[PDB]
Ligand code: SF4
Ligand code: SF4
Ligand code: SF4
């Protein structure tokens, strides 16, 4: 029966399962648990620029919360 | 890391296309009363491996060409289109977030029209030129339709990000407020991939082969984002990618399943059918999907 | 396999010369140099899809010339295999029409049923297709005991399967669109062009040999 | 791979215009205009370019050179490079070489102008609060303010349709 | 009548004509325009204080200005 | 001699790659074509052997000459033979085609398809029973298993 | 240049596939033309349509409805003109 | 009820003898239908007849290795049966 | 007697005409065809695993062209030339001689496998059942020289088996 076609679709679906999942893992690895920041407006990009400027490490993910206030 | 991202996209396409070819052979074998290929190893995964490496081995078409550079220049373009269409496709996180991606989809469909036409001119004697010319005609007559329909379904969501699309699919599937528009869209995807029930009756045959099947997987993934699917809780993307893969596979099996059982159309029936029936119906759905979001207080947050 | 030299105004026609004669084999000449019983299989294989009505017509030509009537069981068994042959030629002509019009799968459905029918020829004589088996003078070497019940089985299952063929096609919308408007035949055409059988059944006149 | 990538894509662009202004076979001409349109898309997207440069790509590299290649395929033969074509290609490369050499090692090159010769990071936005990609909202007019403009445009295209059917045997 | 012969065309005309008409009998179009107007892109710019006008409220809690309340209640 | 060892192993891989799929073209003149389509049928398979029945001449691995070759047929048959890639093999199927056959003593018949194209595999029968043809293609595959081209190239 | 990196990688790997596939083994009708021109003109009218989903958030909604219906209506009149007047017949 | 299948569907896997035994006839050519053990034969080869399959899958041979001596673990020919088994295997009878 | 087709009209009643319109605009019996095809998907297909399982036959197949011989006895053929007198492509070639004993026998008994259409006539014409169409049909011969049988090849092929031939004949020597 079609128990013998499910290996074919099984392996090919695993071949389609992989790229988004491994890509999302590389997204999370490229900013250390963060998600890569999307960028569609000038507003978001300027906020990202001041964020990567204030961080000191010139990197927009360290996210520098509440421990440089005073 | 970014070149690792690119190679993790365009390494599994060979796996996907080869195993899609054995899957179409198997599924037709069971729509028909056959089994196999299963003498080539267990169930035949080495069967696409074997015929792929055979077609590489087998001695090429001797030229017999006109402008060697043009003749190499057509299929290189076809395959690099089939690669460069999977960049803005989010399963949950796309490779490149864009301001607009669906117009990029349609643009690369038109470059596929270029592939067909260049291979047809640089091909051969005159009869294949007439055949490829009819093929370009019946391909280009549907990019009116599919662009129209894609426009009228994104007008429900107003923006072009496609991640706003995966947001706005969260409550209902988008098949419910647009079923006839989605139906006609799916028929136009059968037109663009140029399969049965639509006629086309080369070198290198592997490259045209590859572009065909990657075009099919392209349109299926784009459908599966576009009209159905489910939610995505963040910090768990295996969940959405699983449901995405399963729905796209069911749709591609349905695609080949529709291919299995219908005879090919007469050509003037195809053009006649497109113009006189899909074109006024598309205009009807466009004018109603314009005038209805202005009715039901439902205009999207196009940020 | 034919040769077709057509002359067309564009995506339309004007004329067509069917160059036939690719498959000339000299059958009449070879029968003029042989005997009757020896040269029966040439009559078996000039047509090949229908395959036992050719036998039947040659055997009736000789029996009618020779003024000898076969025994009645021979006549009824010959009628049975004429019906199997009629069934077989129409089912293959429908399926090759479907395969060449497109339509991959019903070809293979009905060819599995035809594979049962070639098993029946095998059990009758032994040959797959070109069983001679109909001598002038009636049928030779009658059936082995245990065949008629198999034909009974085939009748039941095949009625079910052909109703499933009309389930698939026939109110197929686009196959109807594909072949309705083409192929008109006037009754004067069906007489003057010398048509035979199914064309006469199809265009007007009630007619059966 | 550096700052003057806008200027370099412009070099390839004008090379493409020379590449089909040398008058080859018109299917090579369709090739030259496709390559030139691709790098023009690159230039305007470097100014960003967010919609209109992706919009031209569908029309010319999506719906116009298709029909030019179609008409090359159905009308003209070109059944077989030459002196004059490639000689003009050589002199066009020479003229661009001369102009860009004088832009490089001097101040400015003047046809009758003063082209202030350096690459263009000037000028650009000073990081403003755009928030809607001003191209997009600009073209998201024409349906409030654009009463007259789109009406005469669509009317012209309708008249184009009836014109085409008349010359190709109206009715 | 001709619904038997060319049916998808008559269906297309029907949905076309109702799409033409239907904003005339519509109790929601004013709601659509209020929604669409009441969403600000630019900065809500203030103004120089007073000819002592009983408008333009000072603390943003004050409901003397034009606010929205049909938003929260659908 | 692991150089020779790599030669033999790679030759096994490429020749198994050739003999694995082997999609044919069915030339199919007469009733031998009907029996070939009966080995295309659901009972005697061809998917199992990677064998895709296909009317394409441009990509033809083997070519199943079956039916009855005639004098009017022959130049068009060899023109079909020419536009074909050079790794190619021929199965002469049928008593008509592999030696003239029942129409041997006749005009307008080339006495077997030996006199046009070379033949690797003869398979007789009238028609060759579909089972027997499938056996003939299996012994074609074993001929492909013994071909030693890369052996000859390395020690050439 | 990030999508130019992607385009470069796809283009180079495609050229590697093709050239390693190649080092290794060794009249006309008017009816063809009218459909293409009808494509072209309806595609340009598509180009005039397609900034529609940009425009639907303004303070002039009735007018936008009216001229959008005018664009699709004019496109429909062109369609029905060549439809009735033997433009696509055989 | 799919748990009722793979419980039974493993009974032709381990009832063969093991998993490398299952791999034997799987990669040999095709079959996993083992379970009847009807009759072996000199020059090695064994003959399995099961009733619950249809007519065309009753009687199947399992070839052995080097009966004439030509490494016929792989590349199994036809006609590697003795003639009385060439009567039984071709469905000309109902008794072995 | 005749039972013809296509004699109706599309019914003008509102239910039937809107049903044909619903099929026109809703793609229905196309999906009915999809349902029938998926029903054939969910059957088990009928293939035979060829190199192991062999497709069924009759006791009266016509194959190998084998010879027979007497019980512990000599060659069954008298060389009575009937098979070459009937052979409808004349592929038999018999040249006969007596030997030193006195019983009339042969010299040259050749079957062309090319011309042999596999009738059965030479089986039926044989008075002593000398030539018998054999049971197995696997010839698959790589060279055209090798498809031309000699009498010694036929005797070896009649002595690679009689038991099949004897069982087939001893079952069905009663029909013919
Ligand atoms: S050998 Fe027999 S089956 Fe084949 S073409 Fe000749 S007559 Fe037909
Ligand atoms: S008919 Fe029989 S005995 Fe007579 S010559 Fe022929 S094979 Fe021999
Ligand atoms: S089967 Fe027919 S062709 Fe063959 S040897 Fe006998 S009589 Fe001659």
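Values quoted throughout were computed directly from the atomic coordinates according to the rules given, and no laboratory measurement underlies them. Every residue, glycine as well, gets a Cβ built from its backbone with ideal geometry; the counts of neighbours run over all protein chains shown.
Quick notes on this one:
- Fewest-first ranking of G:84, C:105, using other Cβ atoms within 10 Å as the exposure measure: G:84, C:105
- Using the Cβ-Cβ distance between residue D:95 and residue A:64 with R0 = 51 Å, the FRET efficiency computed as 1/(1 + (r/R0)^6) comes to roughly 0.40.
- Treating r as the C-beta distance of residue E:53 and residue B:296 and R0 as 45 Å, the FRET efficiency rounds to 0.70.
- Measuring between their Cα centroids, region B:202-269 and region F:123-140 lie 40 Å from each other.
- Descending principal axes extents, chain I, alpha-carbon based, whole Å: 99, 44, 36
- Averaged over the residues of peptide B:135-144, the number of Cβ atoms from other protein chains lying within 10 Å of each residue's Cβ is 5.
- Cβ crowding within 10 Å, taken as a proxy for footprinting-reagent exposure, orders F:86, C:164, C:113, C:55 from fewest neighbours to most as F:86, C:164, C:113, C:55.
- Highest mean first, the peptides D:50-56, B:57-63 sorted by other C-beta atoms within 10 Å per residue fall in the order D:50-56, B:57-63.
- Globularity index of region G:1-85 is 1.93 (Cα radius of gyration / 2.2 N^0.38 Å, N = number of residues).
- Label reach from residue C:75 (point 7 Å along Cα→C-beta): in region C:134-173, amide nitrogens under 20 Å belong to C:134-143.
- Most mobile listed residue (F:33, F:76, F:97) in chain F, GNM with C-alpha springs under 10 Å: F:76
- Per residue of C:169-176, other chain Cβ atoms within 10 Å of the residue Cβ number 5 on average.
- Partner chain coverage, peptide C:91-98 - average Cβ within 10 angstrom: 1
- Once C-alpha pairs closer than 8 Å and six or more residues apart are averaged by separation and normalised to the residue number of chain I, the relative contact order reads 23 percent.
- Computed over region B:68-200, relative contact order equals 26 percent, with contacts defined as Cα pairs under 8 Å that lie 6+ residues apart.
- 22 Å tail of the calculated P(r), chain F, as % of Cα pairs: 44 percent
- Ratio Rg/Rh, restricted to the protein assembly as shown and using Cα atoms, in which Rh is the Kirkwood radius: 1.02
- Principal semi-axes in Å for region F:1-54 [√(5λ), Cα gyration tensor, largest first]: 35, 11, 7
- Pairwise FRET efficiency - residue B:272 versus residue F:111, Cβ, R0 = 45 Å, nearest 0.05: 0.30
- Taking a point 7 Å out from the Cα of residue I:170 in the direction of its Cβ, the residues of region H:56-83 whose backbone N falls within less than 19 Å of it are H:82-83.
- When Rg and the Kirkwood radius Rh are both evaluated on Cα atoms of region B:161-303, their ratio Rg/Rh stands at 1.02.
- Cα convex hull of chain B, projected area averaged across orientations, nm²: 18.3 nm²
- Remark: D:36, D:156 ranked as D:156, D:36, counting other beta-carbon atoms within 10 Å and listing the fewest first.
- In this rough spin-label picture, where each label sits 7 Å from Cα along the Cβ direction, the residue G:18-residue I:76 distance is 6.9 nm.
- Cα-based shape type of region B:1-110, given that a ≥ b ≥ c are square roots of the gyration tensor eigenvalues and the cut on a/c is 1.5: oblate
- Measure of compaction for region D:2-168 (Cα Rg per 2.2 N^0.38 Å): 1.34
- The ratio of the alpha-carbon radius of gyration of region C:1-101 to the globular-protein estimate 2.2 N^0.38 Å is 1.48.
- Direction-averaged projected area, Cα convex hull, chain A: 7.3 nm², rounded to one decimal.
- Cα gyration tensor category, rounded, prolate or oblate, for chain E with a/c compared to 1.5: prolate
- Distance from region B:27-54 to region E:1-69 (C-alpha centre basis), Å: 60 Å
- Spatial separation of Cα centroids for region H:52-74 and region D:42-89, in angstrom: 64 Å
- Prolate/oblate/rounded label for region C:50-199 (Cα gyration tensor, a/c 1.5): oblate
- Comparing C:52, C:148, C:129 in a Gaussian network model of chain C (Cα springs below 10 Å), the most mobile by mean-square fluctuation is C:148.
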